[PDB]
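We begin with a single chain expressed as structure tokens, specifically the form deposited in one PDB entry.
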């Protein structure tokens, strides 16, 4: 595979956006986990449907609203994707990650990512929030990488590092902030593993993922962190633990799609609240001062 967007494609899109809103957000938020309520916290909210934005791919998967929203979250101006793209929809990674590069051209400096993942770590309970410390990019092992093809120097270098992808200063901020929240449960932190999807894992597969050191498993986020880190954005994200995966053959077995219970309800509301507060801690001036 190879990139199909030219540097100008991204520029035309950013210029289109800049000519349709006076808002200039410094933070971008990609909400994977059904957190519609996050958009409900936005002040001076303005929305754009993916279909009306030049060069913007369309969302298909259910629960994904499919719209870019600009607004003020806790005194901080931001832009957020209400629903993301996944390779399992048939989308190549350079399409899945198209918006991340447009964000960089809008002047955004920090990218927050969220998703819903299956807990692999035995100590995780449903509804747990997991600060992403590191990831394992399985699709990347086989060569399926959003940066495949000729490198765009105007975005970044050919061989970028990923060992420091999840901002450490912001992780310290997340922990302190969680404490202030007066939460009974502790803030988890671990390694997120990504695979293609769309089917759910088998017991054998879950065991393999865990033995490799994975703490949670999902079908997204990683490609966006790669591209964001490649073009220089500060990154940090969370995984809403919507379920504990089956590790024994004799049990409930069939991993159904009840993730919709935690999404929108239960822990999602706490995650949204958590995200709003974090906006204040985020570096750079914009949040009032």
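Numbering follows the first chain given and starts at 1.
A.B. asks: As stated in the PDB record, which stretch has the larger average Cα B-factor, 35-43 or 62-70?
C.D. replies: 35-43 has the higher mean C-alpha B-factor.
A.B. asks: In the PDB record, does 209-217 or 73-81 carry the higher mean Cα temperature factor?
C.D. replies: The entry gives the higher C-alpha B-factor average to 73-81.
A.B. asks: Return the residue from 233, 261, 53, 27 that has the highest Cα B-factor in the entry.
C.D. replies: The record points to 261.
A.B. asks: Quick one: which of 241, 222, 228, 246 shows the highest Cα temperature factor in the PDB entry?
C.D. replies: So the option with the highest C-alpha B-factor is 246.
A.B. asks: Split into thirds by Cα B-factor across the chain's modelled residues, where does residue 90 land: lowest, middle or highest?
C.D. replies: According to the entry, residue 90 has a C-alpha B-factor in the chain's highest third.
A.B. asks: Check where residue 122 lands among this chain's C-alpha B-factors and tell me if it's the lowest, middle or highest third.
C.D. replies: Highest third.
A.B. asks: Considering only modelled residues of the same chain, in which third does the CA B-factor of residue 9 rank: lowest, middle or highest?
C.D. replies: For residue 9, whose C-alpha B-factor we compare with every modelled residue in the chain, the answer is the middle third.
A.B. asks: Lowest, middle or highest third: which one holds residue 185 when the chain's residues are ordered by CA B-factor from the entry?
C.D. replies: Tercile = highest for this residue's CA B-factor.
A.B. asks: Could you place residue 21 in the lowest, middle or highest third of its chain by Cα temperature factor, using the values in the record?
C.D. replies: Tercile = lowest for this residue's CA B-factor.
This protein has a second form, the form solved in complex with a small molecule, left out of what is shown; the following refers to that one.
A.B. asks: Could you tell me which stretch in 100-108, 146-154, 173-181, 116-124 has residues with non-hydrogen atoms within 4.5 Å of the small molecule in the deposited complex?
C.D. replies: Every other range fails; the passing one is 116-124.
A.B. asks: Counting any non-hydrogen atom inside 4.5 Å, which residue from 39, 231, 245, 53 sits next to the small molecule in the deposited complex?
C.D. replies: It is 245 that has a heavy atom within 4.5 Å of the partner.
A.B. asks: May I ask you to choose, among 219, 73, 80, 214, the residue with a heavy atom within 4.5 Å of the small molecule in the deposited complex?
C.D. replies: Contact check passes for 219.
A.B. asks: So in the deposited complex, is the small molecule close enough to residue 91 to count as touching (4.5 Å, heavy atoms)?
C.D. replies: Answer no; every heavy atom of residue 91 is more than 4.5 Å from the small molecule in the deposited complex.
A.B. asks: Counting only non-hydrogen atoms and a 4.5 angstroms cut-off, does residue 45 reach the small molecule in the deposited complex?
C.D. replies: Looking in the deposited complex, residue contacts with the small molecule do not include residue 45, since no heavy atom lies within 4.5 Å.
A.B. asks: Please run the contact check for residue 201 against the small molecule in the deposited complex: heavy atoms, 4.5 angstroms, yes or no?
C.D. replies: Judged by the heavy-atom cut-off of 4.5 Å, residue 201 is in contact with the small molecule in the deposited complex.
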